[PDB]
Structures are given as structure tokens and as C-alpha cells.
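In what follows, a single structure is set out as C-alpha cells and then discussed.
FYI the Cβ positions are ideal-geometry reconstructions off the backbone, even for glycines, and counts take in every protein chain you see. The numbers here are math on the coordinates, done by the rules we state, and not lab data.
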Amino acid sequence: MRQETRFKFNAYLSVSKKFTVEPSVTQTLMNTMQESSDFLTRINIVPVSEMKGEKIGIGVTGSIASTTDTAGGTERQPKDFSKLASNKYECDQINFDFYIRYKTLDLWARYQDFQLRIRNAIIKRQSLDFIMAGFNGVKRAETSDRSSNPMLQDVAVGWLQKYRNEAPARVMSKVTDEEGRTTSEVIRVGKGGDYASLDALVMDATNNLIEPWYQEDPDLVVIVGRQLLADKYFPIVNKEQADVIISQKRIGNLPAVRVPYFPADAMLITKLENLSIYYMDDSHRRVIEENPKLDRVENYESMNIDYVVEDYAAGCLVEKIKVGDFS
Amino acid sequence: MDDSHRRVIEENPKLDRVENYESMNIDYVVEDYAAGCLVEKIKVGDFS
Amino acid sequence: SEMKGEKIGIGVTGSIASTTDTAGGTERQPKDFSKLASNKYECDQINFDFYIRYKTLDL
Amino acid sequence: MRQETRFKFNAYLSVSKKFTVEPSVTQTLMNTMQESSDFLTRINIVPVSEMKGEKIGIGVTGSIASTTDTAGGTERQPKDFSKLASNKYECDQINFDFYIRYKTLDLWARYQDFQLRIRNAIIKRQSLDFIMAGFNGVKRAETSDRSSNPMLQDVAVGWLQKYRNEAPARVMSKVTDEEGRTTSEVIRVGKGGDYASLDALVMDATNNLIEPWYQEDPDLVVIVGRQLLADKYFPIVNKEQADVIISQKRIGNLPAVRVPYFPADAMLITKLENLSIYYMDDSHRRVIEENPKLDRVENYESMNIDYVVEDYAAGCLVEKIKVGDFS
Amino acid sequence: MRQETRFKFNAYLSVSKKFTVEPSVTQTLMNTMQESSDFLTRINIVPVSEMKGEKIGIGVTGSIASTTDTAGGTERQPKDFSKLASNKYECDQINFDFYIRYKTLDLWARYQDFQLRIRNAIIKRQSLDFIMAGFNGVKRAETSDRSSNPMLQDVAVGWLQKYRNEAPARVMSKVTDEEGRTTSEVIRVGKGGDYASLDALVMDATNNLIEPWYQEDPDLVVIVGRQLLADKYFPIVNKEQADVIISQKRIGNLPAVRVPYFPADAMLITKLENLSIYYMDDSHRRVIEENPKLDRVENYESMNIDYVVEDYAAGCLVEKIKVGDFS
Amino acid sequence: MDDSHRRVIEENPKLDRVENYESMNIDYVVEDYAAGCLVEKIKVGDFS
């Protein structure tokens, strides 16, 4: 439709898993950071060349077929191919900034091969930081302080908050009644609670909430923290009588993965290629400084990113889970 | 009217058909009003 | 090559010969040659518009 | 629209009375059978390459002209070019099968030039059979017996039955009244009947029933049997007083033809290129056999055909005609 | 669209003020006539090749921009580019024809260079005649007499009558009331009349009548006769006291021009390129004659023209203006 | 059905979209009605 795009389409007429445009520095750094960890491998880190606009669709499927009597009657109105619920992403900047003291710098520089170790260390410290900030982080507020927000809850809006304030009716936070708007503030799961066990929970959740299309899919994952998983699998091992059941770690007929710093009282069921992060093409600005006022060598780096779930009707999350007995 | 004949063809797969439009310019005319008459309302049959 | 003009007279006859007293004082009156009533006309447009269906086209 | 068809149409952009596709055996046999008789010459025998679908149009005419103020107003909706009443043909097989006894075979083979005579004889026996079965033959029933159906009334649905059970209100079978649904079962035509003579009958029939388009046509024929034609022209000759009136044989200001085995009590007014027969391209399967159990040499042949009237609004037929006096 | 038009348009895809079709005889004469006077220079004399059609749009503007939600909703319907109020011109012939007496011709033939002088004289006599006939001339009537119509007001329909009959509500000729259909016959302008002075008149007229598009335009002129201009500018100069105001002659904050024979009791506000005259391409037919029956050499010349103002909503005129005191 | 696959693409800027139509001819069929059965209305659970 545009000049180059019209040419490419006319040419269409007459690895395919990740997206590249041109070899630059920020793309290379992002690719390195992805290859570092393992969880970033199973996710889409997309470079975009715009400050605000439309998102692309990945793993979206909609039934497109019908039959119409074109012979003397109505016409054929085609259905849309990529029409999602709501799609408007807004990329924003976040920046890291640190310093090394002269003493520690000298101690490290004494031995050989220190630059490579420092590079690998900062890359590893950065990737896990992306994850931790993404899964937490209700809202973004300028001049973020790390006094009362140690879990990094103020950098940018995360996937969970995206689900919370962008597409409600896909979350579960209370047991209610037609007269009792809050019959139960917390979803008790136990012998006497509102469920039998986590299996029935994830089962009826994946039955009711998510759409019938993705419901029948060869790929679904139940992202859950570490406290809840261990709380479920501990009473199994604490018995007297088969140990393979600790290797696969399936719950509710669905494979389970665990990511660090995930909130303990919630779990999100979705396909692992549906959520993604977008980053501006060339915004990785990095500067050094060697001020002696505090005898420290400091550095600043800034990058423009934005987390985004592609199709909100893909997965759903349950929040405020509490296991007990409730006699 | 000479040099007035516009023929175009369209192919709209929205319906399953191929359309064709043609436009010309004509007018009928009797040369002379003499050498011609006509009778209009007749009814052959029988009467009293 | 134009509209609202004159009717090209094809197949029109008549009687043109006569006689006059040219010496008495009168003069020869040249009766018209193409004498017609309401020699004007016009032109209008007419269009044929039709579609052929795919199946029959294949046939 | 299809590949070859799209190419042929694009080429269109930048004898014409019969249809051929490719030189094959069944087409050659059908052409020979047509050239044999005379009535088959004035009819369309069309080869088709499908077991079921749409029929082609021949001799169909519909007024296509208007004028529309495209300048600031409505648009131009084109009218259809070939849209008939109902059009869905279904080809089916019929087969001939006979045998020659050894005695007759020997007697014939004794004299020279016997194969050509046999071929011409069977072709002649087959063409007239096509006609006889086409004009008669209400319905098709498997395992057709020739005990009580000597007029070949069980092979396939014929043109007359097509008119009867496909497009009613184009037939005439009873004189009725608003209170008497059957005021007269049979259409009496005589000095005291419901008419004056056959001329007035065919006249008001061609006035009322058939459509105004084909009504004003340079080609129309009144197909009638032999008994009725002779019954009409006999009292003319049986008088005492010009003999050319037997050569042209016009009735009701329309030329008249007669075909063998046509039902005596009916007549059909229509143009002689409106009705037709379709046949599959390659279905003429023929096998020989020389079993001595009954000392006869037999042969079987099968062909897939279907009779079809193209546009039902072309002609109309009157049925159950009876001439008398009716004082 | 047409052959030549489609070719030229396809070429377009892949002095600019006057129109020339082809070098001919009538176009050349019209050009040499226009070059004579100054008023004809600031006007469009267009050659057309049709006896009746639609008028070329010159100096027409409008509001064409818009914005529509194409994303899942309504479509884009373009507005027309050139759609005026009423556009149907009808050209027809007029003819002037004079004669020279033998005495005067014999006298002129003595001094050399007489043919050129006669040619220039007749050209000047025709140009001013076009003007005078165009601005006057309510209606056309065959066999036009020149006894009771000395101002040449019977040749053809003029611009003023065009405004009068084709598009009312753009002309003001009476001050009325809801009960008084004619409270005052003429628009009295004076110390006690219906207006303060001509300036306020033309000011509120150009405020109300004409359209807001042309209302704000750098090209507007108030065509007025000679009597009214002098009536307005005489009491100013007839004082005792600032003498350059006679140079430009602006009224109502608008430049004013004067043309001969313009009706004294009316004025017309509009742009000077909005009104125009069309003429047939090849209709200038001329013949000579030397009959001594009245010893005079006569000539007959005929040309097919038609006056036309392009967009009626461009300018407006006021009629029956009377200046006085009205105590 | 072989040789029945019609694909056309249209570009109508009247809306801001590019349309694509494709038509094919298919029919599902079970080979033999033997070697196959099905149970339709079941409900696992508990009863009296």
C-alpha cells in the first residue's frame, strides 16, 4: 500500500519465528540478552520503529468460512482476518544506572579476564530484571523510589495489570452472590473451601473463561510461582510408599512452568507465545562517567520498551489464592 | 450520433458475475409527415 | 456529427414546375425545394447493462 | 474465470449452429445417427462433460435496455443475461441389447454386403427409438418391462412429462369453473363443444399461454400427431369442387409437422430449436457375446442421455383433445 | 473515457489562462477583437464545439476535506468536484449587417490606407456592440426591430436577465414586510431612505447575499454604470479644502469599474472572471453584395454566441436604485 | 474435486482494506460404515 510495501505485495503475487529488520546495535544487545536466559527464548521480543500505533498479531486464529448463494441474492461480505479486542501500545523508556567503587574496581582489574566477566554479569542482572519488572509493576510513576517497592513494582505496567485494567471479566478475585457482592474476599482452596484442589480450579477456569478457540490448543501453559507449586507437591512426597511425578510437574492436565519473583497468590493460564515485549529500534543510549566526588566510576543506560499481551482472549489469571482447611 | 459508443466491462467477484455496460446515442425520426397515416383503435367483429 | 439540426430529406418529392405572367408585372416565385414540417429533431442516450454468471461462462 | 476460460476470455477482449469439443467415438456415432433421420437434424444434440449441473441457453431472448440518471442519483443495476425459470438437468443411462440367431445370421452372411446393411439397419432402428421414447415415457423405472408398455413408456422422462411436472399453468387439461373444478374432463372441439375448430384452439392457446417475447417470433411450429391432422384435413378433400392446400399443411396460422408415435390426443406449440437432448461425452459402452446356450450372437450397448426443454416459457401443450359433435 | 480522452488521461497519470482548440478563422477573429478593447481582456471568450451541453467550470472553489473512520465502519464517499447550481447553455446566432453608399466609398477610396481604417473601425464597432448587447437584452425575439429598442435590448438574453430568471434570491429589487409585500418600490438611498449611503448598501449586500466561499476572495469587483459613480463622487469634490481619491474609485471597500451603456439604476458585485461568453467554433459566415438598386455595397456577417455566467452563487446584483433626500 | 480452486483478490479503497476470496469443492466421506461406531449422549458422574 505504501511504495515499498506495494512493491513487496506485487512481488508476493507474481527462521520464520522471530523478527529482524537490519543489523544494528540495540537489536544485537537484545538478542544477546534473550539468548542469555532460557525463559526469554520462549517469548517474542519484537523491535518496532514507531513511538505509538498498532500491534502485530501472533498466534491469533479465527474461524473463517461460510457459504452464500451468490446466484441471485446476497453478496459475499468477507470477515476480518486480524481483528482483536483492543490494540494500542505505548512504548516508554526505562533506564538502568550503577557504579563501581575504586577499591573493588582495582581488586577486579588485578586478575585477567575481568571485562568479559563484568559484561556477562551485567547482562544476567539485566535479563532477570526485565522479567521481575514485567510480571510485577502495577503502574509506572516517574521518580521511582526503591524504598518501599523492593519487588520493583513501579517501573512499568505489567502483563498482570494489563489484564486487570484492560480486559476485566477474565480475572477471578472473589466469590460472590446475587445478594452478596463479596461472599468471600479470597478464593479458599482446601478440604472445606470453595474448591477441592488446584486441579479442579485450573480445570473449570480453563473451561469457562478463555475462548473456545484457544481452549482446544496443542500448546497451553499454566504460569505459576514457586510457593504454590511446592505447597501442592509437598504432601505427595511426604508419604510412605515412584518419583517421576516430580519431573514433569503437570497440574490440571496442563504443563506447568515457574518463573522467579512471580506473585505467590496468583496464576495465569495461557499459551507461552501470546505475551510479548516490544522495544524501540535505536533508543539504547549508554554513557560513562568517572567523577571523583565519591571515587566511583558510574554508568547510565536507557532503553524504550513496552510489555504487551497480544490477544486478551487467549489466557486468564486467577488471583488471591489461599490454601487451608476451613472446617 | 457518431462517435458516441462507450463500452466497459467490470469484474466484481463480490458477486459471482461479470458485468458489461454499453451506451449509445440514437433518435428515431419519420422523414416526411406526408406519405404516412395510421389508424389506432379498431375492433373487428359484429354489431347490431 | 451534431444534435438538434435539420432532417436530411431522403425520399421526398413534389411538384415544382409552374407558369407566371412575367410580362404583366408579376415575378417568378421560387417555391421551396425541401419543404417539410418541423424539420427539427434531437438525440438521446440508451444503455444496455447486463451481467454473465461464472458457471454459465464456464459452460 | 477458470484458467483456460480466463485465457479464452482475455483473448476475446483483445458452423455456429451445433457444438463440438474433440473428435471422439461417441460424438461421431451421435452425429451419424442425427444425419440418418431428418427430424434429428432440426434439433440440438449436445455433448456435455458432467453428470449433473447447469444447462446452456439457446434461443433465449430477454429485453435488456433502460435509462438511468447516473448524474446525481441512483446507480445502474444490470439485468441478468441468461436467467431461466428452472434449470437443473440430470443425465442417466439407457441401454439397447439384442441378438441374432445362427440361422438368420448364416442366411444373411451368405450374400455379400451384409455388414453395412446391418449397421444402417441398427442405426435407423435406434434413431426412431430415441424419438419414440423421448416424446412418450412419463417416468423412468429400473427393470423396465415391455409387456404392458409397448409404446416405450418407461425408459426416461420425456418432454411432455417435463412440462407436466416441472412447469404447470402451461398445460391445458380441463375446462373448469369457479364452482366446478372439473366442468369438463376433456376438451371437446366440434360444432357444439368448447371451441369451433382446431384453428381457434391453437390461436387462443398461442395468444394466452406462451410469453409475449416468443409469441412474436419468425419461427414457431405446432407439433401434432398423425390421427388428428388427418381427422382435420379429411373432410376438406371429401367434397366436390385446388389441391395445394394439402402440401403446406398450415393450421392456426402456423406451420405443422408430424412425428411418429406422437400421442394422438395432444399437441405442442413451440419453436423447433427450443427442446434438445444432452448426452455424456464418453459413455457409449458396447460389448459382444457368442453364447451357444440359445445359439444366438448377442450384443449390448449403453449410453448416458437426458432430454431437456431449455426455456419452459417458450411453448405450451394442450392435452386430451376430442373432436365430435356434442349436440 | 472516450478514445482520445482516455489516451490523454492515461498520459496524464504516468499561458494557462485562455483556451485554444485549433488554428481556425473564427477563433482568430475573436482573438483580434478581444485584443482591441480593455474590458474584453479581463473576461473569458471561450470557443466551444457543440450546439448545447454543459458549461466549463472556471473560478469555482469549495470545501472538500473530511475525515472518516474507515477502521470497521462507514466508507469514504467523495464529494463532487464541479457541481454548480444549474448548468445548461444554449448557443444561437446573431448577425450584424451594414452597407456603404457609393458616394462615401468613392470619397474614401482616394486617400491611401482606407481598407485598414475601415477594418479597425468595424472591429471597434463590433466589440462595444457585444458589450452593450450583453449587459442589456432581457429576451431574444426574432425579427428584432430597432425603433423602440435603441439600447439594443432585444438581441439575446443577457447576464442581468440570467440572474433575474434563472436564479432569484440573488437579486434585491424591493423592500417588503410580512404584511407589506411592497413597502417601497425602489431601494431609496439617502439621508432618510432605506440606507445611509451606497457604501453601506454594497457592504451589507456582499455580507448577506453571496456565498461565504467567494465572500473571502482577493478578486471581487462592483460593476456599476457612469451616472451612479458620478452621483456618488460629485458632492465630495464639490467642496472647499486630498485629491487623489479620484484615482482608484473604491466604494464599500471594493474596487469599482465602469462599462458603457450599463443601466444606471443597478449594480452587480462579482469577480471579473466569473461571467463569460461562449461562441461556436466555426460559424462566422460572411458575404458581400453590390446591388445598385439603391447604389450601395452591403455585407452580411453572422456568428453563433451565447452569454453565460458560470456560477450563479458567485455574485449578486441590486436593481432600481434611487438616490434622494426623503424628508 | 480436482481443478476447482478459484482465488481472486480485490483492492477497494472505498474502505481501507484489501479483500481476498477463495473457493474450493470438497466433500467428507466415511469409507465403510463398518469398522466404526459412536456413542453420543453420555454423562459421567454418580447416581442412586
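Just a few scattered comments:
- No other residue among B:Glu11, B:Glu31 is of a type in the set (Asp, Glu), in contact with a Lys or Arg (Cβ under 9 Å, 6 or more places away or on another chain), over 30 Å from A:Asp69 (Cα atoms) and facing another protein chain (nearest Cβ under 10 Å) apart from B:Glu31.
- With respect to (1) surrounded by 12 or more Cβ atoms within 10 Å (Cβ to Cβ); (2) within 14 Å of chain F (Cβ to nearest Cβ), the lone exception for E:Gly72 is condition (1).
- Residues that are more than 14 Å from chain E (Cβ to nearest Cβ), closer than 30 Å to E:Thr74 by Cβ and not polar (S, T, N, Q), drawn from region F:14-28: F:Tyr21, F:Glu22
- Any hit, region E:232-241, residues being in contact with a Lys or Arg (Cβ under 6 Å, 6 or more places away or on another chain) and either more than 20 Å from E:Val259 (Cβ to Cβ) or not aromatic (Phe, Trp, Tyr) (or both): no
- Among the residues of region A:116-134, some residue qualifies, meaning at least one is within 16 Å of the chain's Cα centre (by Cα) and either part of a loop (DSSP other than H, G, I, E, B) or of a type in the set (D, E, K, R) (or both).
- Flag if A:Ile187 is in contact with a strand residue (DSSP E or B) (Cβ under 6 Å, 6 or more places away or on another chain) and buried (at least 17 other Cβ atoms within 10 Å of the Cβ): yes
- Selection over region E:189-202 of residues that are farther than 12 Å from E:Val318 by Cα and either assigned to a helix (DSSP H, G or I) or basic (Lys, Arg) (or both) gives a count of 3.
Per-residue answers, yes or no, for (1) more than 14 Å from every other protein chain (Cβ to nearest Cβ); (2) not in a loop (DSSP other than H, G, I, E, B):
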| site | (1), (2) |
| --- | --- |
| E:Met1 | no, no |
| E:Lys8 | yes, yes |
| E:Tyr12 | yes, yes |
| E:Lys17 | yes, no |
| E:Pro23 | yes, no |
| E:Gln27 | yes, yes |
| E:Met30 | yes, yes |
| E:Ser36 | yes, no |
| E:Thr41 | yes, no |
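- Residues of region E:157-170 include at least one that is of a type outside the set (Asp, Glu), part of a loop (DSSP other than H, G, I, E, B) and loosely packed, with under 15 Cβ neighbours inside 10 Å.
- Members of region A:198-211 found to be among the polar types (S, T, N, Q) and farther than 14 Å from A:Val222 by Cβ, listed by number: A:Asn208
- Whichever residue in region E:75-85 is at the interface with chain F (Cβ under 9 Å from one of its Cβ atoms) and surrounded by 10 or more Cβ atoms within 10 Å (Cβ to Cβ) and, among such residues, is nearest to A:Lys79 (Cα to Cα): E:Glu75
- Subset of region D:86-104 (residues that are in a loop (DSSP other than H, G, I, E, B), away from chain C (no Cβ under 14 Å) and loosely packed, with under 11 Cβ neighbours inside 10 Å): D:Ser86
- Taken residue by residue, region F:26-47 has no member that is surrounded by 10 or more Cβ atoms within 10 Å (Cβ to Cβ) and outside any strand (DSSP E or B).
- Taking first residues from region D:1-15 that are closer than 14 Å to C:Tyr54 by Cα and partners that are hydroxyl-bearing (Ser, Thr, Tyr), the Cβ contacts under 7 Å between residues at least 6 apart in sequence or on separate chains come to D:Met1/C:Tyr54.
- Any strands (runs of 3 or more DSSP E) falling wholly within region D:218-317 and containing at least 3 residues that are surrounded by fewer than 20 Cβ atoms within 10 Å (Cβ to Cβ) and more than 17 Å from the chain's Cα centre (by Cα): D:285-289, D:296-309
- Per-region count, region A:105-115, residues assigned to a helix (DSSP H, G or I) and more than 35 Å from the chain's Cα centre (by Cα): 6
- Test: residue in region D:136-149 that is part of a helix (DSSP H, G or I) and either over 21 Å from D:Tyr99 (Cβ atoms) or hydrophobic (A, V, I, L, M, F, W, C) (or both): no
- Among the residues of region E:43-54, the ones that are within 14 Å of chain C (Cβ to nearest Cβ) and part of a loop (DSSP other than H, G, I, E, B) come to 4 in all.
- Residue check for A:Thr74: assigned to a loop (DSSP other than H, G, I, E, B), farther than 29 Å from A:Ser276 by Cα and of a type outside the set (A, V, I, L, M): yes
- Every residue from region D:9-61 that is among the hydroxyl-bearing types (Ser, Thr, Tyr) and closer than 27 Å to D:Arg117 by Cβ: D:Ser24, D:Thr26, D:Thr28, D:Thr32, D:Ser36, D:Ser37, D:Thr41
- Subset of region C:17-59 (residues that are surrounded by fewer than 10 Cβ atoms within 10 Å (Cβ to Cβ) and among the β-branched types (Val, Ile, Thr)): C:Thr19, C:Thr22, C:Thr26
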